[PDB]
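In: Provide a 3D model corresponding to the input given below.
(chains A, B, C, D, E and F, ligands or ions: 6)
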Amino acid sequence: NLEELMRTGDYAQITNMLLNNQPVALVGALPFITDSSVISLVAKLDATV
Amino acid sequence: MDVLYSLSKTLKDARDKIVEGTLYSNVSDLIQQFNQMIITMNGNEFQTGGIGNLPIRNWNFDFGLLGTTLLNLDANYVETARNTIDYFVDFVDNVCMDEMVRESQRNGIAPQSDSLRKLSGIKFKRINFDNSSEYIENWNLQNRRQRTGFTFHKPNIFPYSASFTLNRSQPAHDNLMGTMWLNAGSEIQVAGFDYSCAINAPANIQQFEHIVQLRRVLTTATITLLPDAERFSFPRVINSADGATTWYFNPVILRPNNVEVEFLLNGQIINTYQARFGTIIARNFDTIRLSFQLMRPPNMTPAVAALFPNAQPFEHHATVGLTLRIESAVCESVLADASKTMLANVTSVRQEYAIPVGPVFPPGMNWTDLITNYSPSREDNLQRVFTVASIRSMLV
Amino acid sequence: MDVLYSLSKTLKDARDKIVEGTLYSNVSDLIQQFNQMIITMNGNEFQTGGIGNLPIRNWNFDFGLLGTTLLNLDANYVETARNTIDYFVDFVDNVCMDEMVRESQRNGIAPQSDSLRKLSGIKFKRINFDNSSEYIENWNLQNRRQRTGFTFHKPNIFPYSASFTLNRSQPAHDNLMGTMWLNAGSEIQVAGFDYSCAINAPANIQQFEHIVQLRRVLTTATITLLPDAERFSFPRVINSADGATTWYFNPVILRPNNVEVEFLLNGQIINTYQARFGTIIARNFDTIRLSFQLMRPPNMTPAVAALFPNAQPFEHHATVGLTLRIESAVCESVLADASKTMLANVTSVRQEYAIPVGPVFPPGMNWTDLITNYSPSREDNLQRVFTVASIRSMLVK
Amino acid sequence: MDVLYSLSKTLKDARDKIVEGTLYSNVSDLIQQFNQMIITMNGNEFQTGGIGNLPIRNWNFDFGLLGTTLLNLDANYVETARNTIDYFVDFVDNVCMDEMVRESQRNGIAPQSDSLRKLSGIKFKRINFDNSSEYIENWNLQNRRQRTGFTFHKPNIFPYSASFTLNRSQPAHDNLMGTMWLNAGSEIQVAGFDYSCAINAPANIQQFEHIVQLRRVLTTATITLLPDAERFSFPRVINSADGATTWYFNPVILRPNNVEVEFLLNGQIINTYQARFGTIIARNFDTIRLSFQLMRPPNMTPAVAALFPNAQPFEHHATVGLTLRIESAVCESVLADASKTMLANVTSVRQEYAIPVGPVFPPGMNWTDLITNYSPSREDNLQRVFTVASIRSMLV
Amino acid sequence: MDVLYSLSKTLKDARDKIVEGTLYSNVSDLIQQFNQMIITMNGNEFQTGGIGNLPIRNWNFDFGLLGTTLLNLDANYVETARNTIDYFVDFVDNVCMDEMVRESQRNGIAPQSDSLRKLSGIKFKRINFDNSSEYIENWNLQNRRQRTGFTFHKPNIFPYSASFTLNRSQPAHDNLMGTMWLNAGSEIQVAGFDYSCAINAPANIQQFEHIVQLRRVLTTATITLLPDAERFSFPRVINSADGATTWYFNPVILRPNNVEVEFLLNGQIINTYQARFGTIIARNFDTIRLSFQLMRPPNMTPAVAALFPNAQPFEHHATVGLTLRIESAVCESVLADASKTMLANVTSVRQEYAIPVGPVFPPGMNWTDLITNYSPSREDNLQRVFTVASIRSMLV
Amino acid sequence: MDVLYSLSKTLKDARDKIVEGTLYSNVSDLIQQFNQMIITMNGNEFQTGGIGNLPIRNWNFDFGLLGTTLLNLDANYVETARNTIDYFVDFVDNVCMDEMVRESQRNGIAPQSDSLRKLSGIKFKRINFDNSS
Ligand SMILES: [Cl-]
Ligand SMILES: [Zn+2]
Ligand SMILES: [Zn+2]
Ligand SMILES: [Zn+2]
Ligand SMILES: [Zn+2]
Ligand SMILES: [Zn+2]
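Out: Numbering: from 1, shown residues only, chains lettered A, B, ... in the order given. Ligands and ions are numbered 1, 2, ... in the order given. Structure data below:
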């Protein structure tokens, strides 16, 4: 839960999962970028955010 | 093993210390250790079972960290923590059961289950913390080749054996001389009998001797010596040596004479006790030598003299007993005893799931056969399963 | 209970750890817990003991907190802490004594003394901290209704009873067949006797059976089985079943034949042991069935043959024994054992103050009556008083 | 003793908790306490040994402190800590052994070895921390002059004594009335016998009484009482009181009648049980009075009547027995027992180094002599050596 | 179980309260709970199992919420609500049936069907609301370790047994003395008969006693006691004990004498009623002891004197009987009774779908065997299935 | 014991040396020790126990300091000193009697009476002086 993560300030678990490539789901109202470029999909930019 | 023990102790401390209303300062370090364990275990897949009737169970860890409270814990905190604690306790119990039902002739001290082999990887060493139990302490010492020690109350060190030896006999079994003994658990009950009451024995003394070889060295042992062996103090009918016939025993108990208990280590006398009954200390020994004597009383009242004629028949047979009880001792190897439940737990787990007999332990985990042939391989496997059993007993 | 145990645990920790010269870092959390206890208990009036000869004690708490500025504990700090600890330990001892002398037929697991009732309020829950003892752990698990477990060394599970059963008898009592047993504590000694030594038996085998029904289920039990029963192996004069007369027993011990120990749960076989002596494991059971045979030896030496004639009179009576000892076990319910002193503590407290017989417990805490009629309400009250006894033993003992 | 115990506890905690991979949060306070111990012990010279064959050893303390900046302990930290832990453990074991082999008459509670006397200085109290063990707790209570308490499973309270008393006797020992007993460990078996089966008794009842005086007050004691003494229920030949001759005993067991067991404190009745067998509780006592009766059966079957004739000879001798076993107890004074191992440890250390007999304890640390004459001086020395033995057992 | 009960109660309330024309204020909270249940259940897949002939059924929840903006409910609202209520009721009924046809030995109180196990997760706890029914209230109280009881009208506590005991008999069965009884459900009938009419009995009184051991403790029990057993008041031909032959019983009913009905708990007389007939109260008991006496009438008219001669033959046999009916009671454990339909519902569901015999309950859910060997496991499973049966009965 | 002995020694020295007409130089150290004892004992409550027929006695200490500034001690000084000394001597005698009638099997060298146990506290160590007997 991104709200709980923001409030606590403890990023130990999220950092450990991002570093170790552990599948997760970040839940919370989020703004998103709508990318229509196929080359962006090939470049895998969605994983760089 | 250290990682499994650390998981189990972390979960036990979580159950005991994460209670409603408790100060967060009382569990700060415990919560830190628990969160470290959650981090280390998250994202890992474990599999348990697949032997006997033990079901195949898959364990996935996707738990969030335990939170913090300013002053005291509340009910919400306790329930949230308890869900995770329950899942982890189930996982640990299943892993311990999986490890208890396995054995290996080669490298029996090493983990046998896939889950415990995975837990022995470097990534899980983070979970390792305080190793204060007796069994885990001895496990760590044995890993380092340091001197180990297990304290037993009434150690199960003597395999059951109710036997006898006839030093003098004949097919009619009417003038017999010998010794009959029961070595059961922590108890020795020996009795030397002479049907003639040492009438023709030189100096009217008949010498009886019983040597018991312990399969492991016992140190710092408290032993109770009592003059009489109540087990062999009443009349009975005893099979022959080959079972071809039965003979009759009709004890009349006399005080054992010149009693000598020798506790020996590697053929060297370590302790000697002469005519000493009650509590004695055998500091370090692997052999017990009880040498006693039947002495014909030089003076007898008419009733006593009527029982011991100059010649046959001998209707009343003189007997001198001896009872030895190891109340407590210390052994470098794991043994069953009256106070602990490790053997019982391992046997129960093996029986419940119908574990087929392996290549190490005797069928049914029978203790007499196990201690009779207590090989170093058996010692390693039994120590492993006993340590896992204690780890499981922490939780279950 | 949790609050009372937490008080006792905090006081024991304070006694053990608040010592002269110790680093404050060794007791910082303990000092905070102690101060929390002082704050929570301050301003409260308690009363303990109005039953039997237990005196009425009134308790007031107005104490200052322990200092937290020290880096090493000195003499004066320890003395003040010890004075406060002594008062609190007296209070906890009296509360435990008051709770141990009470029983309820309805909600025996709930607190009975008004002091513990007061401590069961929300404001006192802050005192709660580590519940690591075996009894308090089992208390919490039972409250949540999780699977409990009490480990007993030599569990006192068999109510005392020494009796005999005569399958064959007659007014002369010169040709008897039957069994005599003693089921006491953790021990069963049984012995089947035939006066005729199965001379006229179907193949010279006499079958004896003993059924012992435990009042509670025992799990993970280590049991020593020995072939001979030394209690029933010497001459005896036994009063008859009606008590009218007495009969003579003159046993000559023969080894038991086809020994079979069966451990059953709900009448279903859990463990079976045939001709196995020594240490055995009964993993889960509530009934023990010991079936053993007296077999006439087909071949006898002249003396043995002289013992057993083809017909009466029979002066030597064949006997086959069995000894069963539960060295240790696990039970979901509290029990008296040779290692713990919970029953002794409760009985001592009750007798010391002449507590009148209540509607729940036996007439004086007689364990034989209690275990014979170990009812669910008795179980609840017994667990409550045993937990209180352990809490008290943490401090008074 | 508190400083020695604190050293031992710190070293045990260092062994258990300073392990590879553990969070520094798990050992932060322990590392601080260990460093405090290093600081306090540094620059000090100790000497142990010099009594018996115990070798004289010299101990110097110049050790660096452990690190405090790690997040998780690694191999290097563990080895660095282990070197110092090994040296300190050796020092503590040697100090404990040196103290265990020494005794004093007037002030046996005070430290005897110069090492422990040096450790009793004020400057060493900084090492002092958690004293949670039962024996150290009782040591501190004794030092504060508070009420002490030791729990014993099967307390070794009765010195061994197998004796008899003949209230009716003749030179031929054919019409004997009396009682024979064994008081061993936590067990008291007694048996009152009448050769005439009380035929000529006033009410055909023979009264038997056994008084056993405990050398220390036992409280919260759980006891098992059974109505037969198996020890004195089989025929035997017993020397006469002066050893001049031997007499014959041929028991036939009848149930004891009007059984009354009374537990007395300072000659005052504390507990009393009549016709009660099984588990009983003696809450506070130092003496036991067992009174039972042999009642001649008013009605007898032909065989029973054949056993007991109107006059002599009396070939079958009526006997009534009692067994009293103390399973658990609480005592203000230290005692040997089955579960613990302090007596065994002290005796082992004294035997292994051939300690000359001192002015306090009996030769060879024989428990029967110790408890028969359990004087306050002996109690002081025994508490000191038992506490030292437990401290040593924490490590060895 | 609480979530399943909450589903059932919500659907029952929806059926009862969502009616055409009703003010929305009458169902505001009910509609809020219904929408909460919809939200919680939406997006979840459930499966009710195929045990026996019960079909495998898959359940999906993608329902929209109910409107909350009408002043009065109309036909459209009722129809729309009913469309969802029907599906939810079908799901609840199938889950209840799946749970009723399952039993476990290790943990019979925990949910057995996978659907109810899924509903026991945290995510469904939101569905939980008012738990007012007696069975769910008892379930919750028992989960809280609180004293709770079920009230039974004519509790089915006595297993069926028609039997007799002959204290005096002979192969010809002409001079018999003994007792006859039937214990069926909540009803006991006993009748002590003497063929001689106590002509030779000491003081012309024959004593009969009947002990009925209840398998569970009953409290606050109203009991009707009547002085005659009509069941054993007419001529009968009765098989022998071994069935070898048949004997004749020809009762002539006399008033029972010295009637004492004792209600005992743990062997202590909680309640006693002497010569009292009609309504009596047994506050708390687990055993019933009925003592009565056949007293020969001291004065007999010629017609009466003709019935009872001084010696055989005895053609009229004097009988005295008692009848004890438990009108109402309270029990900690569940029981069958004359008013509730739980046993009938569980048995019907098991019979309809041909559920095989399990390891806990007897075949066909026979209540005599069930109440005879009322083990704790049977009690747990029976309470679980009875609670599920009541939950289902709210809807079906 | 050392504190009790020091109390008794101070009181005996006060009785012997605080006499009318004596130079203050003969008692200067004695007066300082006496005032030290008064300050140490002031504000302390003591109880000599009721073992046997020995009466239960309660002792309270609130006394003024002995004066300085006298070249030769006069009668008023001796009177005040005698009052204080008499009370202290009664206290010391009762404490000694209470201790003389008590015994313990173990730790019999330690103080038995509550008064002597209280006097064994650190705060009373100031009273200790010359132990010459
Ligand atoms: Cl034991
Ligand atoms: Zn032979
Ligand atoms: Zn034991
Ligand atoms: Zn009989
Ligand atoms: Zn003699
Ligand atoms: Zn019949």
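
In: OK, contacts around the nearest residue to residue B:136 once chain neighbours are set aside?
Out: Nearest non-adjacent residue to residue B:136, counting by C-beta to C-beta, 6 or more residues apart in numbering or on different chains: residue B:5, 4.8 Å away. For the C-beta atoms, the positions are set from N, CA and C on the backbone; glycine is no exception. Listed by C-beta atoms under 8 Å, 6 or more residues apart in numbering or on different chains, the contact partners of residue B:5 are B:131, B:133, B:136, B:387, B:391.

In: same check, this time on residue B:67
Out: Counting by C-beta under 8 Å, 6+ apart, residue B:67 makes contact with A:8, B:77, B:80.

In: now do the SS call for the residue in the stretch 51-200 of chain B positioned nearest to ligand 4.
Out: In the stretch 51-200 of chain B, no residue comes nearer to ligand 4 than residue B:162, which is 32.5 Å away by C-beta to the ion. With DSSP: H, G, I helix; E, B strand; the rest coil as the basis, residue B:162 sits in strand.

In: what's the neighbour count on the nearest residue to residue B:49 once chain neighbours are set aside?
Out: Nearest non-adjacent residue to residue B:49, counting by C-beta to C-beta, 6+ apart: residue B:56, 4.6 Å away. Counted with other C-beta atoms under 10 Å in any protein chain shown, residues neighbouring residue B:56 total 9.

In: how much space between residue B:56 and residue B:46?
Out: 11 Å (C-beta to C-beta, to the nearest Å).

In: same check on residue B:381?
Out: Distance from residue B:381 to residue B:46, counting by C-beta to C-beta: 23 Å.

In: please say which of those two ends up with more neighbours.
Out: Set side by side, residue B:381 and residue B:46 show more neighbours around residue B:381, with 24 against 20, by other C-beta under 10 Å.

In: that one contacts residue B:103, correct?
Out: Yes: contact status for residue B:381 versus residue B:103: in contact at 4.5 Å, counting by C-beta atoms under 8 Å.

In: now do the shared contacts for those two.
Out: Shared contacts of residue B:381 and residue B:103, counting by C-beta under 8 Å, 6+ apart, come down to B:360, B:361.

In: quick one, what contacts the nearest residue to residue B:395 once chain neighbours are set aside?
Out: Among residues not flanking residue B:395 along the chain, residue B:89 sits closest, at 5.1 Å (C-beta to C-beta, 6+ apart). Listed by C-beta under 8 Å, 6+ apart, the contact set of residue B:89 reads B:11, B:15, B:395, B:396.

In: residue A:35 now?
Out: Neighbours of residue A:35 in contact, by C-beta under 8 Å, 6+ apart: A:41, A:45, A:46.

In: which of these sits closest to ligand 6?
Out: Using C-beta to the ion, those come closest to ligand 6 at residue A:46, 92.2 Å.

In: what is the burial count for the closest one?
Out: 11.

In: SS state for it?
Out: Secondary structure assignment for residue A:46 (three-state DSSP): helix.

In: thinking again about what came up before, out of the contacts of residue B:67, which sit inside helices?
Out: Counted as lying in helices by DSSP state H, out of those, are A:8, B:77, B:80.

In: where do the strands of chain A begin and end?
Out: Counting by DSSP state E, chain A has no strands at all.

In: correct me, but residue B:20 touches residue B:80?
Out: No: Residue B:20 lies out of contact with residue B:80 (C-beta under 8 Å); the separation is 11.7 Å.

In: got the residues of chain A near chain B?
Out: A:8, A:10, A:12, A:13, A:16, A:17, A:20, A:22, A:23 (C-beta under 8 Å from any C-beta of the partner chain).

In: in a markdown table, list these along with distance to residue A:31.
Out: Formatted as a markdown table, the residues of chain A next to chain B follow (distance: C-beta to C-beta, whole Å):
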| residue | distance to residue A:31 |
| --- | --- |
| A:8 | 22 |
| A:10 | 23 |
| A:12 | 25 |
| A:13 | 23 |
| A:16 | 25 |
| A:17 | 22 |
| A:20 | 26 |
| A:22 | 24 |
| A:23 | 22 |
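
In: mind jotting down where the helices sit in chain B?
Out: Here chain B has its helices, by DSSP H, at B:2-17, B:28-41, B:75-100, B:114-119, B:134-143, B:302-307, B:342-352, B:367-372, B:376-395.
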